[PDB]
Amino acid sequence: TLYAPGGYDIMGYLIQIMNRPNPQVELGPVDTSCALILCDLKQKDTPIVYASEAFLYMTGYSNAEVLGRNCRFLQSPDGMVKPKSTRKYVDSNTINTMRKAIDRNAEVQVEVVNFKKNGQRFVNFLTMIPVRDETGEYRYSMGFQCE
Ligand SMILES: Cc1cc2nc3c(=O)[nH]c(=O)nc-3n(C[C@H](O)[C@H](O)[C@H](O)COP(=O)(O)O)c2cc1C
């Protein structure tokens, strides 16, 4: 996975999200002190390109451990999850709901069982919102995690 030199406009994307004209989900106000990640929709398998400190701390993973991976690794206490695999700890419909939303650039909000690096189970109230870059096309997805 490639990462933008000098980083991502996380604050600008938060503002874009808070200002979005027809919010389909209730997110409320958010900021950089929240558990959030940004994933790149135009790299293979939608890799994490940015993780906030609060995400790293909620999950127990380091920046080196998370960047460049699809976030589905959180769905197993091993951190090992193949795409299209049936999940042991998440129901199929929730997984499919997330995938379809992301593919359609549709906002979605789910509750999913996730696991910290130490294997501790937690319930993740997850909101994903697509984000337009400077071209005006949907390029990223910003995910907001709550425990
Ligand atoms: C911005 C963003 C944040 C995500 N955060 C999480 C998360 O915290 N936990 C999780 O279980 N899945 C998360 N996902 C969902 C998975 O990465 C993946 O999209 C989901 O498993 C459905 O796709 P799949 O069928 O390829 O696995 C996130 C996805 C995106 C794009």
# chains A, B, ... in the order shown; residues from 1 in each chain; ligands from 1

call {"tool": "residues_around", "arguments": {"residues": "range 133-144 of chain A", "least_positions_apart": "3", "cutoff": "7 Å", "atoms": "only C-alpha atoms", "output": "number ranges by chain"}}
result
A: 35-42, 126-130

call {"tool": "write_last_selection", "arguments": {"atoms": "N, CA, C and O atoms", "output": "JSON list (two decimals), in the first residue's frame"}}
result
[["chain", "number", "residue", "atom", "x", "y", "z"],
["A", 35, "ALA", "N", -11.74, 7.60, 17.72],
["A", 35, "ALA", "CA", -11.19, 6.44, 17.01],
["A", 35, "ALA", "C", -11.69, 6.55, 15.60],
["A", 35, "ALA", "O", -12.89, 6.45, 15.33],
["A", 36, "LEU", "N", -10.78, 6.82, 14.68],
["A", 36, "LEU", "CA", -11.15, 6.85, 13.28],
["A", 36, "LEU", "C", -10.05, 6.32, 12.39],
["A", 36, "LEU", "O", -8.89, 6.23, 12.78],
["A", 37, "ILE", "N", -10.44, 5.90, 11.18],
["A", 37, "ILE", "CA", -9.49, 5.50, 10.19],
["A", 37, "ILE", "C", -9.96, 6.00, 8.86],
["A", 37, "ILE", "O", -11.15, 6.30, 8.66],
["A", 38, "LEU", "N", -9.01, 6.16, 7.96],
["A", 38, "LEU", "CA", -9.32, 6.48, 6.57],
["A", 38, "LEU", "C", -8.78, 5.36, 5.73],
["A", 38, "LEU", "O", -7.62, 4.95, 5.94],
["A", 39, "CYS", "N", -9.59, 4.87, 4.80],
["A", 39, "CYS", "CA", -9.22, 3.80, 3.89],
["A", 39, "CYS", "C", -9.28, 4.31, 2.47],
["A", 39, "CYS", "O", -10.10, 5.18, 2.14],
["A", 40, "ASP", "N", -8.39, 3.79, 1.62],
["A", 40, "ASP", "CA", -8.30, 4.27, 0.24],
["A", 40, "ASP", "C", -9.10, 3.33, -0.66],
["A", 40, "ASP", "O", -8.74, 2.17, -0.84],
["A", 41, "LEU", "N", -10.18, 3.85, -1.23],
["A", 41, "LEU", "CA", -11.07, 3.05, -2.07],
["A", 41, "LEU", "C", -10.45, 2.64, -3.43],
["A", 41, "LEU", "O", -10.94, 1.71, -4.09],
["A", 42, "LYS", "N", -9.42, 3.36, -3.87],
["A", 42, "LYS", "CA", -8.76, 3.12, -5.14],
["A", 42, "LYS", "C", -7.42, 2.40, -5.02],
["A", 42, "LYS", "O", -6.65, 2.37, -5.97],
["A", 126, "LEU", "N", -19.88, 1.02, 14.60],
["A", 126, "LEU", "CA", -19.05, 1.43, 13.49],
["A", 126, "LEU", "C", -19.88, 2.24, 12.47],
["A", 126, "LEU", "O", -20.94, 1.78, 12.02],
["A", 127, "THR", "N", -19.37, 3.41, 12.09],
["A", 127, "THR", "CA", -20.00, 4.26, 11.07],
["A", 127, "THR", "C", -18.98, 4.48, 9.96],
["A", 127, "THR", "O", -17.82, 4.82, 10.23],
["A", 128, "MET", "N", -19.38, 4.28, 8.71],
["A", 128, "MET", "CA", -18.49, 4.48, 7.58],
["A", 128, "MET", "C", -19.15, 5.47, 6.65],
["A", 128, "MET", "O", -20.30, 5.29, 6.27],
["A", 129, "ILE", "N", -18.39, 6.51, 6.26],
["A", 129, "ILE", "CA", -18.91, 7.58, 5.39],
["A", 129, "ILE", "C", -17.92, 7.76, 4.26],
["A", 129, "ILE", "O", -16.73, 7.97, 4.51],
["A", 130, "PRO", "N", -18.38, 7.68, 2.99],
["A", 130, "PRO", "CA", -17.43, 7.99, 1.90],
["A", 130, "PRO", "C", -17.07, 9.46, 1.83],
["A", 130, "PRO", "O", -17.84, 10.31, 2.27]]

call {"tool": "residues_around", "arguments": {"residues": "residue 7 in chain A", "least_positions_apart": "4", "cutoff": "10 Å", "atoms": "only C-alpha atoms", "output": "CSV table (one decimal) with N, CA and C atoms, in the first residue's frame"}}
result
chain,number,residue,atom,x,y,z
A,3,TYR,N,1.2,5.5,0.7
A,3,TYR,CA,0.6,6.5,1.6
A,3,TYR,C,1.0,7.8,1.0
A,49,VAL,N,-5.2,3.8,5.3
A,49,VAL,CA,-4.1,4.7,5.0
A,49,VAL,C,-3.9,5.7,6.2
A,50,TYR,N,-4.8,5.7,7.1
A,50,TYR,CA,-4.6,6.6,8.3
A,50,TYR,C,-5.4,6.0,9.4

call {"tool": "residues_around", "arguments": {"residues": "residue 123 in chain A", "least_positions_apart": "6", "cutoff": "7 Å", "atoms": "only C-alpha atoms", "output": "ChimeraX atom specification"}}
result
/A:111-114,147

call {"tool": "select_by_dssp", "arguments": {"residues": "chain A", "states": "strand (DSSP E or B)", "output": "PyMOL selection string"}}
result
chain A and resi 35-40+48-51+108-115+121-132+138-146

call {"tool": "write_last_selection", "arguments": {"atoms": "N, CA, C and O atoms", "output": "compact mmCIF listing (two decimals), in the first residue's frame"}}
result
# COMPACT_ATOMS: atom_id res chain seq x y z
N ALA A 35 -11.74 7.60 17.72
CA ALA A 35 -11.19 6.44 17.01
C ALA A 35 -11.69 6.55 15.60
O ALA A 35 -12.89 6.45 15.33
N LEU A 36 -10.78 6.82 14.68
CA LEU A 36 -11.15 6.85 13.28
C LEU A 36 -10.05 6.32 12.39
O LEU A 36 -8.89 6.23 12.78
N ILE A 37 -10.44 5.90 11.18
CA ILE A 37 -9.49 5.50 10.19
C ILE A 37 -9.96 6.00 8.86
O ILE A 37 -11.15 6.30 8.66
N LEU A 38 -9.01 6.16 7.96
CA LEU A 38 -9.32 6.48 6.57
C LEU A 38 -8.78 5.36 5.73
O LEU A 38 -7.62 4.95 5.94
N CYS A 39 -9.59 4.87 4.80
CA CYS A 39 -9.22 3.80 3.89
C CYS A 39 -9.28 4.31 2.47
O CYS A 39 -10.10 5.18 2.14
N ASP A 40 -8.39 3.79 1.62
CA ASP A 40 -8.30 4.27 0.24
C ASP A 40 -9.10 3.33 -0.66
O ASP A 40 -8.74 2.17 -0.84
N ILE A 48 -6.25 0.55 4.99
CA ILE A 48 -6.15 1.64 5.94
C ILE A 48 -4.96 2.47 5.53
O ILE A 48 -3.86 1.95 5.40
N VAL A 49 -5.19 3.76 5.30
CA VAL A 49 -4.10 4.69 5.03
C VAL A 49 -3.86 5.68 6.17
O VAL A 49 -2.87 6.38 6.15
N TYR A 50 -4.76 5.75 7.15
CA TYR A 50 -4.60 6.62 8.30
C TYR A 50 -5.39 6.02 9.44
O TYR A 50 -6.51 5.57 9.24
N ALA A 51 -4.78 5.99 10.63
CA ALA A 51 -5.45 5.54 11.85
C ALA A 51 -5.17 6.57 12.95
O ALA A 51 -4.04 6.95 13.14
N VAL A 108 -23.15 3.92 6.07
CA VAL A 108 -23.69 2.79 6.82
C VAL A 108 -23.25 2.84 8.28
O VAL A 108 -22.22 3.41 8.62
N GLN A 109 -24.03 2.21 9.13
CA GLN A 109 -23.76 2.16 10.56
C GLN A 109 -24.15 0.75 11.00
O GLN A 109 -25.27 0.31 10.73
N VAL A 110 -23.22 0.03 11.60
CA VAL A 110 -23.46 -1.31 12.10
C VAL A 110 -22.83 -1.46 13.48
O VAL A 110 -22.07 -0.61 13.94
N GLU A 111 -23.18 -2.56 14.13
CA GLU A 111 -22.56 -3.02 15.33
C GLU A 111 -21.92 -4.34 15.02
O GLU A 111 -22.59 -5.23 14.46
N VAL A 112 -20.64 -4.47 15.35
CA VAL A 112 -19.88 -5.66 14.99
C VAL A 112 -19.00 -6.07 16.12
O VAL A 112 -18.42 -5.22 16.80
N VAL A 113 -18.91 -7.38 16.35
CA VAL A 113 -17.94 -7.92 17.31
C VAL A 113 -16.57 -7.86 16.69
O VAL A 113 -16.34 -8.35 15.57
N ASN A 114 -15.65 -7.27 17.44
CA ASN A 114 -14.26 -7.12 17.00
C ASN A 114 -13.37 -7.60 18.14
O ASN A 114 -13.87 -7.79 19.28
N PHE A 115 -12.09 -7.77 17.85
CA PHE A 115 -11.11 -8.23 18.84
C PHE A 115 -9.84 -7.40 18.85
O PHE A 115 -9.26 -7.12 17.77
N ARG A 121 -12.33 -9.44 23.24
CA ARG A 121 -13.54 -9.18 22.47
C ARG A 121 -14.08 -7.81 22.86
O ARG A 121 -14.09 -7.49 24.04
N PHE A 122 -14.49 -7.01 21.88
CA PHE A 122 -15.27 -5.79 22.18
C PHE A 122 -16.34 -5.58 21.11
O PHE A 122 -16.23 -6.15 20.03
N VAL A 123 -17.39 -4.85 21.46
CA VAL A 123 -18.47 -4.53 20.50
C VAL A 123 -18.18 -3.15 19.92
O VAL A 123 -17.95 -2.18 20.67
N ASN A 124 -18.17 -3.08 18.59
CA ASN A 124 -17.72 -1.90 17.86
C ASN A 124 -18.93 -1.32 17.19
O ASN A 124 -19.52 -1.95 16.28
N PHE A 125 -19.32 -0.11 17.62
CA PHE A 125 -20.39 0.61 16.94
C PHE A 125 -19.72 1.48 15.85
O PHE A 125 -19.09 2.51 16.15
N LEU A 126 -19.88 1.02 14.60
CA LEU A 126 -19.05 1.43 13.49
C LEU A 126 -19.88 2.24 12.47
O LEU A 126 -20.94 1.78 12.02
N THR A 127 -19.37 3.41 12.09
CA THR A 127 -20.00 4.26 11.07
C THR A 127 -18.98 4.48 9.96
O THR A 127 -17.82 4.82 10.23
N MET A 128 -19.38 4.28 8.71
CA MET A 128 -18.49 4.48 7.58
C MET A 128 -19.15 5.47 6.65
O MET A 128 -20.30 5.29 6.27
N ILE A 129 -18.39 6.51 6.26
CA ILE A 129 -18.91 7.58 5.39
C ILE A 129 -17.92 7.76 4.26
O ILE A 129 -16.73 7.97 4.51
N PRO A 130 -18.38 7.68 2.99
CA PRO A 130 -17.43 7.99 1.90
C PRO A 130 -17.07 9.46 1.83
O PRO A 130 -17.84 10.31 2.27
N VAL A 131 -15.88 9.74 1.28
CA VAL A 131 -15.29 11.06 1.33
C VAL A 131 -14.78 11.36 -0.06
O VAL A 131 -14.09 10.50 -0.67
N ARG A 132 -15.06 12.58 -0.52
CA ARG A 132 -14.56 13.06 -1.80
C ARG A 132 -13.22 13.72 -1.63
O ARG A 132 -13.02 14.46 -0.66
N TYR A 138 -15.52 10.35 -5.05
CA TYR A 138 -15.33 9.52 -3.89
C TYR A 138 -14.04 8.75 -4.04
O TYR A 138 -13.85 8.03 -5.00
N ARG A 139 -13.13 8.99 -3.11
CA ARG A 139 -11.80 8.42 -3.10
C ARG A 139 -11.51 7.61 -1.82
O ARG A 139 -10.79 6.61 -1.86
N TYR A 140 -12.03 8.05 -0.68
CA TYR A 140 -11.74 7.47 0.60
C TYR A 140 -13.01 7.10 1.32
O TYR A 140 -14.12 7.48 0.92
N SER A 141 -12.85 6.31 2.39
CA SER A 141 -13.95 6.06 3.31
C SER A 141 -13.40 6.36 4.67
O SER A 141 -12.29 5.89 4.99
N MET A 142 -14.14 7.10 5.46
CA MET A 142 -13.73 7.37 6.81
C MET A 142 -14.64 6.56 7.72
O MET A 142 -15.87 6.61 7.58
N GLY A 143 -14.01 5.81 8.62
CA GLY A 143 -14.67 4.93 9.57
C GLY A 143 -14.50 5.46 10.99
O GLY A 143 -13.42 5.91 11.35
N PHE A 144 -15.59 5.43 11.77
CA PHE A 144 -15.63 5.94 13.14
C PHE A 144 -16.01 4.77 14.03
O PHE A 144 -17.06 4.16 13.82
N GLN A 145 -15.13 4.42 14.97
CA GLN A 145 -15.33 3.25 15.82
C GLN A 145 -15.61 3.70 17.25
O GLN A 145 -14.97 4.61 17.73
N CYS A 146 -16.56 3.04 17.91
CA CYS A 146 -16.97 3.34 19.29
C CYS A 146 -17.25 2.03 20.05
O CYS A 146 -18.02 1.22 19.58

call {"tool": "residues_around", "arguments": {"residues": "residue 76 in chain A", "least_positions_apart": "3", "cutoff": "8 Å", "atoms": "only C-alpha atoms", "output": "VMD selection string"}}
result
chain A and resid 73 79 to 81 88 to 89 114 to 115

call {"tool": "write_last_selection", "arguments": {"atoms": "N, CA, C and O atoms", "output": "PDB file, in the first residue's frame"}}
result
ATOM      1  N   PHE A  73      -9.469  -7.523   9.622  1.00  0.00           N
ATOM      2  CA  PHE A  73      -8.654  -8.258  10.569  1.00  0.00           C
ATOM      3  C   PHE A  73      -9.152  -8.160  12.020  1.00  0.00           C
ATOM      4  O   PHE A  73      -8.927  -9.071  12.831  1.00  0.00           O
ATOM      5  N   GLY A  79      -6.445 -11.859  14.419  1.00  0.00           N
ATOM      6  CA  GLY A  79      -6.148 -10.848  13.415  1.00  0.00           C
ATOM      7  C   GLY A  79      -5.987 -11.418  11.998  1.00  0.00           C
ATOM      8  O   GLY A  79      -5.309 -10.793  11.196  1.00  0.00           O
ATOM      9  N   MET A  80      -6.593 -12.576  11.701  1.00  0.00           N
ATOM     10  CA  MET A  80      -6.474 -13.230  10.400  1.00  0.00           C
ATOM     11  C   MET A  80      -7.857 -13.544   9.861  1.00  0.00           C
ATOM     12  O   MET A  80      -8.556 -14.385  10.419  1.00  0.00           O
ATOM     13  N   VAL A  81      -8.217 -12.866   8.770  1.00  0.00           N
ATOM     14  CA  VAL A  81      -9.551 -12.956   8.153  1.00  0.00           C
ATOM     15  C   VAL A  81      -9.408 -12.824   6.632  1.00  0.00           C
ATOM     16  O   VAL A  81      -9.007 -11.766   6.146  1.00  0.00           O
ATOM     17  N   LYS A  88     -16.571 -16.436  11.773  1.00  0.00           N
ATOM     18  CA  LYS A  88     -16.998 -17.128  12.960  1.00  0.00           C
ATOM     19  C   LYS A  88     -17.772 -16.224  13.909  1.00  0.00           C
ATOM     20  O   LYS A  88     -18.700 -16.702  14.535  1.00  0.00           O
ATOM     21  N   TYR A  89     -17.386 -14.940  14.019  1.00  0.00           N
ATOM     22  CA  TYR A  89     -17.863 -14.040  15.102  1.00  0.00           C
ATOM     23  C   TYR A  89     -18.747 -12.868  14.667  1.00  0.00           C
ATOM     24  O   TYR A  89     -19.204 -12.066  15.485  1.00  0.00           O
ATOM     25  N   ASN A 114     -15.646  -7.267  17.436  1.00  0.00           N
ATOM     26  CA  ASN A 114     -14.262  -7.118  16.996  1.00  0.00           C
ATOM     27  C   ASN A 114     -13.374  -7.599  18.145  1.00  0.00           C
ATOM     28  O   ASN A 114     -13.872  -7.790  19.276  1.00  0.00           O
ATOM     29  N   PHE A 115     -12.086  -7.771  17.847  1.00  0.00           N
ATOM     30  CA  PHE A 115     -11.109  -8.231  18.836  1.00  0.00           C
ATOM     31  C   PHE A 115      -9.843  -7.398  18.847  1.00  0.00           C
ATOM     32  O   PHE A 115      -9.257  -7.123  17.770  1.00  0.00           O
TER      33      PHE A 115
END

call {"tool": "select_by_dssp", "arguments": {"residues": "range 36-98 of chain A", "states": "helix (DSSP H, G or I)", "output": "ChimeraX atom specification"}}
result
/A:53-59,63-66,71-75,92-98

call {"tool": "closest_residue", "arguments": {"among": "A:1, A:62, A:46, A:105", "to": "ligand 1", "atoms": "only C-alpha atoms and all ligand atoms"}}
result
A:46

call {"tool": "atom_distance", "arguments": {"atom1": "CA of residue 64 in chain A", "atom2": "atom 22 (C, counted along the ligand's line) of ligand 1"}}
result
21.8 Å

call {"tool": "atom_distance", "arguments": {"atom1": "CA of residue 57 in chain A", "atom2": "CA of residue 107 in chain A"}}
result
25.0 Å

call {"tool": "closest_residue", "arguments": {"among": "A:47, A:95, A:85, A:21", "to": "residue 66 in chain A", "atoms": "only C-alpha atoms"}}
result
A:47

call {"tool": "closest_residue", "arguments": {"among": "A:92, A:100, A:72, A:27", "to": "ligand 1", "atoms": "only C-alpha atoms and all ligand atoms"}}
result
A:72
